[PDB]
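Below is one structure, written out as structure tokens; comments come after it.
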Amino acid sequence: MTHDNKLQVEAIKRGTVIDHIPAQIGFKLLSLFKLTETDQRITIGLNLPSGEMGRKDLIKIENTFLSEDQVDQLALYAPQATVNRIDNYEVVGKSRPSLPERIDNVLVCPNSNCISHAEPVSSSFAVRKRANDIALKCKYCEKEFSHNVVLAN
Amino acid sequence: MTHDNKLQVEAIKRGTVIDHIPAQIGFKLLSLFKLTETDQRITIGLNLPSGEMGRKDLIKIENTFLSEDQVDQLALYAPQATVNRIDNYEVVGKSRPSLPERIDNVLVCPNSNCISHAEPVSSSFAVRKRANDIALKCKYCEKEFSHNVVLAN
Amino acid sequence: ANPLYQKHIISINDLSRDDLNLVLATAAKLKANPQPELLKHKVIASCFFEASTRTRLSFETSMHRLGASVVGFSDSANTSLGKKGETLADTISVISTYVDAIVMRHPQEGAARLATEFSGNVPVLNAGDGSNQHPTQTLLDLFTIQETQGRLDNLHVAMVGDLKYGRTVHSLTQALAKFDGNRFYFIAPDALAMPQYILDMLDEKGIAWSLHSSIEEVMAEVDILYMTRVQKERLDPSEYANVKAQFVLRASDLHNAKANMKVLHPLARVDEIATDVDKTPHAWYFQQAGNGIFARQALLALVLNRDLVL
Amino acid sequence: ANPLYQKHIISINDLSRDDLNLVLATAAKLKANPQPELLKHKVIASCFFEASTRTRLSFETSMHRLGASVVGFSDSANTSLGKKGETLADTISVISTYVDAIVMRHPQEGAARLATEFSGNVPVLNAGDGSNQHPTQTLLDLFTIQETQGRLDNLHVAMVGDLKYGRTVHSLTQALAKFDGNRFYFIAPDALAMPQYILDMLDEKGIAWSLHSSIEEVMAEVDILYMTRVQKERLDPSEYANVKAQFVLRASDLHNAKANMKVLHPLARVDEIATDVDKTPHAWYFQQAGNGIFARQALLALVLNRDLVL
Amino acid sequence: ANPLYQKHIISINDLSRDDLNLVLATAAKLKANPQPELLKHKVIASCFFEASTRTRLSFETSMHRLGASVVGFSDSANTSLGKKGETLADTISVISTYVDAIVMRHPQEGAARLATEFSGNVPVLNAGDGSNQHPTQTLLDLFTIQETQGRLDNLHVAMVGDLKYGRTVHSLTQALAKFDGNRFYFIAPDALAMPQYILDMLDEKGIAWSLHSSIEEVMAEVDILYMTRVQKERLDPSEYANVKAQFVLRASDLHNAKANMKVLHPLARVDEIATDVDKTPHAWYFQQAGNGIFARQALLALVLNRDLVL
Amino acid sequence: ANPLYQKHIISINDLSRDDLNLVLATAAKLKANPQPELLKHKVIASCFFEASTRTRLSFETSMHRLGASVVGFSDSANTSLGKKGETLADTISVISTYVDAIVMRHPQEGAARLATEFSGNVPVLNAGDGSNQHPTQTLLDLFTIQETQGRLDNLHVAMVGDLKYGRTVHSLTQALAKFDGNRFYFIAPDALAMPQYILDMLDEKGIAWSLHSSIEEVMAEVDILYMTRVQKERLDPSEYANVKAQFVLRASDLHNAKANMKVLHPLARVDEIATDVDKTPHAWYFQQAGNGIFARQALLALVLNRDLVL
Ligand SMILES: [Zn+2]
Ligand SMILES: [Zn+2]
């Protein structure tokens, strides 16, 4: 029973789980993917330590389930994240991220002349890589850029 | 309390928390009135049950003191909110919303013809109350609108 | 010859419920098997004194699906250098000699009518003049309401926006009173609402009409929701913003729509109708704008064919 | 020890019953035994981003008269309109280092305000900032009412024209309620009638007010008939005719007029005031226009100096 | 149906070496006996949002040699008054209902592609969008190089001028790497030269490429000399003048040309190619511009004919 | 006995190590115990054929301040652009008979020079003559560097932005090499890197210089970070994005900054310097802008008088 030190969080019953969200990023996906328009319990592990990780993030949601595709799309916003299927206080389904080739509706084209600004359209950046930059090719202006660009203003 | 049962709500240290946030307003807050931009333990129970027949949102922020004024800026959006001074699971102050003579930084003036829209400054309206209307007069253009009118888009 | 053969189509208040029936009937009937050479070996004019490429595009498009030739211009403003004393009166007598049927748009109220007095033999249409008529726009509106509602009488018309200066609603509202029943509901700001102008005559023919402030009232009880266009340069920015939210459309309000209902808009759009609406079946505006070819084909058809066999 | 030194002048509500009362007293004095080298060595940047000759010319006229000199501009397009360019804050900061005062005129509500937050110690005044404010005007109207009746209290004021959007017309009232006992008559179309909220402003201040259909009625007791140019702009091309039929002013209407009565107008008048009037007694418009000077004259003097020996 | 039937022709990086073969093959094959009524009873659009009468003229010309009807506009700038919120998205849905195949030019990169998502049934072409693609211009270039060189592979391509922003060279260079051999020589100023953009992929497919400063080097060893257009407003007058002489053409340099060679230019010209060149057989630009009709005829042909027999 | 009386100011190279050294000393004095009626009865024609408010406003601000008055103009089109009209020489001759001095701004390299050959004894100064010169600027930058560091010698200067075409940026260097011991860092895109010939100018003067990829490096020792507005104009619409990513300046980059360090910029800044900066310590831009005055103030005084008792 009650021993030496009063620790912290335990495992909650069920829903989606993605372990390891980088420094100041939880909100980043929480907003870029708006994981709040869900009538299910959105508990959000924020600003808390993880081993030696002085600061880590972790969304916690009941009844929802990250789709294989959802998992691909965050692999450029959280590389070392980890999706899994949590079943009644017992996790299963090791569905961690993995960089996709498509990426939808979130990023913005740095090409000021691209039409993806005025017209209502789905943002579409193809995904490839060098060895320091993940080349995101535009679906509309067809212009090659890198992630170290598109993820800014 | 063994009635209709579930099991969540948990306080965790010396920190000022916000308990009782209307459906769809938690995360809302986090972005209008900048709460997440911090580095001190956060546990957000968006969509968590409460002992008033309703499950709602919970924004737990440890390591912060929010001015009675800051509290007032929550009003319009999240109504009868509550922010309590908490030290070692003990409470040292119960703060509830009131209407401040001035709201700031977040709201967008509706008047398309307002220098506000194309200049490096910040939104500063004014607050007034009438029967079913909470009035807000922009300090810049000087046009008075309505709570819904300004608080929509 | 046909009831409406070589009969200057100038104002809807000059057309007749029978002519109207003929027109729409032709429209749909001709909508089944088109003759891409009906007005073959013929030339139509298209004098667009005031630019407008939706009404220009459609008309010239209808002109072609009927195997006709089009000569003409889409005058803008860089030709303000025209202002000099060359009157429309002469502009038309000259032009009248070159063709068969003139199609015109003009900025001043009295365009089409006035050219009539200087063309005669050459029957003219009216693509829109001043803030008067646009017979063609009310035509495509009507025919379209028929196509969808099935019937053209005993409907639940809803009209939102700038009903005060919105010439597309005065012309439709008139033409609709030409049928029995048709329950009218107006929805415009308290300074953009319908004028006693049409109002009086509306009562005069025992046409049930009403007025509300929120679409969300007359929603469960409507059939055709005609969205006009409320303009910014028509009401001061501040008020415009204020008296706007409930003079707009969104999918969230269509939630209890009589499936039998359609949403229309003379076009174009900007603030009014939101895009989520672009999906819910009530969304008919774009399709409505496609019908504009047929009502316009038939308009010429009759105006140019002594008789129609098909 | 004057209240206005190194302070700003932006809105009218940003002033007082005695603030005005000081300004005006100064307006009279400066008109009596004028101070010519008052602002010698000083420099005032008259910035009219939105060109406005009459409101400009005068302000500078005052400036120069007062021994001061000007730096500035008319119109504003360093290139085009609203492209990626300099911001007002930035324009305003740099300009504030070299000039001693700042008089700007802008087409965006709150520009003059915005300058306040960036212009350092340089007191900025407002020549016109959109439908928002225009202080100096209301000031010249006011002082002129004093120059004429002797008192700002117990006046049977009347305002015809476009009260709804008329920028000079909302502000005048706001300022005249600062005084004791004033009866306001509102003779204008119901399409351009007094903007509601102000009606409340007067209702709650327990001020005597009312609306009207045709001027003729109030002409008797009205000691002030401040006219408003109903710019044909805001209306439909035809609409203007039906109303602007009585909301004008031939000297033939004048007759009833009280001997002290005077006709005021912010200008420029096109159709509002008839030419017959110009030569009659109550014609006071241009004088109001010329009197403007001393308000601005005084104002700048009350803004630029600690104390003033008159 | 045909490999390329009702297949939105938007970008060359989307077309395929087989499609390309089909296109060019059709072009020449159809260049023998034209059917002045192939797409008879049909209407093509020609929305030229950005003006350009070489590409407008040719397209509408090809449209006619194929017995089709054209409706549309050549919008300039006096219609900047269009800027108002009527989106291309709606402009296309409307327009899509009127015709069969849209032809468009637009200033923003993403034009043609974007309308595709709002036309579908109606297959669109791309007469040039932003500084992206112009599939048609690379097409006429290719087909033309074939016609003359006989072969379309193992050539000696030379490209001079503004290779950096010259969208007519990126699109050609890409499409050429779709064949074997083709030796590439670049000739542009040291700040207008080709970007590593195309470069890398050029190496990637073992495509031999090179770079020089004077045409007079790679002259005896070339087959197609594509002259781009170096602009004055692209480089400061002084430098432009400096780094120009050896980024120009003249008859005096063609002195040792492999008779089998031709000189091309996307057009138009001004400083680049001198007129003495207008005579020496290498001069093929004007003729190249004539071929533009066939590559464009076939483009529609396929896009509109489920199958082609001829 | 001052060197600058009745002499001209056109290029920077047309000045000296002590010329500047005199001008600046004057710039300080006039800022200390300012001479207001210095140029009384004098007249200076500020001729801005190419409008330029900020560069204009100021020059005149100085003028007026110094007891002098102005005659002149903004923009210039007696009719149209470059038609058969008056020549600059002719404009310049007539104007030189009635004014006492001439301050012109033109868009053609050498206009200010050309005025020299036709303007008689009237000393002409240069406010900007195309990509050529702009003396007064380099002067206000310079003096401001003195106002800040105390010394023009031994400075770790750094210039970011568009060095290639940046008119303020070539000239500043030219002038700073007139002083002893200066290390120049060139942090700018390789597409807008320092114009070669100047690199030689420094190489041969045995001046310490070098280029850079990302500011971060030099932020440590740099006592001056003079920023340059990379006008999106010269670049491709997309290109701007890839570079203008680090060639900006958030206060977050500042940190390393030496306590004496200051950020300079000729203005107007759009994206170069972040708003965070405006309120930090090193923010010195607007001050540099306001300090301009005294340079021009001094300059005109050193041009218009034989001797000056300070
Ligand atoms: Zn793009
Ligand atoms: Zn505002």
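Protein chains in written order, with the entry's author numbering: chain D, 1 to 153; chain B, 1 to 153; chain C, 1 to 310; chain A, 1 to 310; chain C', 1 to 310; chain A', 1 to 310. A prime marks a further copy of an entry chain.
C-beta atoms are modelled at their ideal positions from N, C-alpha and C, and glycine is treated no differently.
query: Segments assigned beta strand (DSSP E), at least 3 residues, entirely inside the stretch 43-100 of chain C; result: 68-70
query: Buried versus exposed call for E272 of chain C' [16 or more other C-beta atoms within 10 Å across all chains shown]; result: buried
query: Any heavy atom of ligand 3 within less than 7 Å of residue CB: hits in chain order; result: For the structure depicted, ligand 3 is absent and the ligand set comprises only ligand 1 and ligand 2.
query: Cβ-Cβ distance between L48 of chain B and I44 of chain D below 8 Å; result: no
query: Where the stretch 110-129 of chain A meets chain B: residues whose CB sits under 8 Å from a CB there; result: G110, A111, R113, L114, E117
query: Minimum Cβ-Cβ distance from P36 of chain C to chain C' less than 8 Å; result: yes
query: Assigned exposure category for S98 of chain B - 16 Cβ within 10 Å defines buried; result: exposed
query: CB contact flag (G206 of chain C, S58 of chain C, <8 Å); result: no
query: Beta-carbon spacing of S95 of chain D, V71 of chain D below 8 Å; result: yes
query: Minimum C-alpha distance to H106 of chain C' - residue among C':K84, C':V94, C':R56, C':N121; result: C':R56
query: Selected residue, minimal CA-CA separation from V263 of chain C', among C':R296, C':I215, C':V23; result: C':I215
query: Proximal chain D residues relative to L30 of chain B, where beta-carbon distance stays under 8 Å; result: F27
query: Cβ-based neighbour list, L30 of chain A, same chain, cut-off 6 Å, excluding 5 preceding and 5 following; result: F294, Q297, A298
query: Cross-strand partners of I18 of chain D (DSSP beta bridge); result: D:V83
query: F186 of chain A' (DSSP reduced to helix, strand or coil); result: strand
query: Proximity winner among B:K34, B:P22, B:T2, B:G15, relative to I86 of chain B (alpha-carbon distances); result: B:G15
query: Proximal residues, the stretch 183-200 of chain C versus chain B, C-beta separation under 7 Å; result: none
query: Close beta carbons around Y226 of chain A', own chain, < 6 Å, minus the five adjacent residues each side; result: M159, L264
query: Neighbouring residues, chain D, relative to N132 of chain C' (Cβ below 7 Å); result: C141, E142
query: Cutoff 6 Å; reference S96 of chain A'; Cβ partners in own chain excluding five residues on either side; result: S119, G120, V122
query: Touch test, the stretch 142-159 of chain A against the stretch 232-246 of chain A, Cβ-Cβ under 8 Å, three pairs minimum; result: no
query: Boundaries (first-last residue) of the alpha helix (DSSP H) holding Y226 of chain C'; result: Element bounds for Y226 of chain C': not the alpha helix (DSSP H) but the beta strand (DSSP E), 224-227.
query: Neighbourhood of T2 of chain D by C-beta, 7 Å cutoff - its chain only, sequence neighbours within 5 removed; result: none
query: Residues in the stretch 39-53 of chain D having any Cβ partner in chain B nearer than 8 Å; result: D39, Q40, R41, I42, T43, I44, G45, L46, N47, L48
query: Any C-beta of chain B under 8 Å from that of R14 of chain D; result: no
query: Beta-carbon proximity of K129 of chain B to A135 of chain B, cut-off 8 Å; result: yes
query: Proximal residues to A89 of chain A' (C-beta, below 6 Å), its chain only, five neighbours per side dropped; result: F118
query: Sequence-distant residues of its chain with Cβ nearer than 6 Å to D141 of chain C' (five each side left out); result: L172
query: Sequence ranges, beta strand (DSSP E) only - wholly within the stretch 224-295 of chain A, length at least 3; result: 224-227, 262-264
query: 8 Å Cβ cutoff, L57 of chain C in contact with chain C'; result: yes
query: Spatially closest choice to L20 of chain A from A:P135, A:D129, A:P36, by CA coordinates; result: A:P135
query: Within-8 Å CB hit, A28 of chain A' to chain A; result: no
query: Where the alpha helix (DSSP H) containing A25 of chain C' begins and where it ends; result: 17-30
query: Nearest residue (CA-CA) to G130 of chain A, options A:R113, A:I145, A:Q146; result: A:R113
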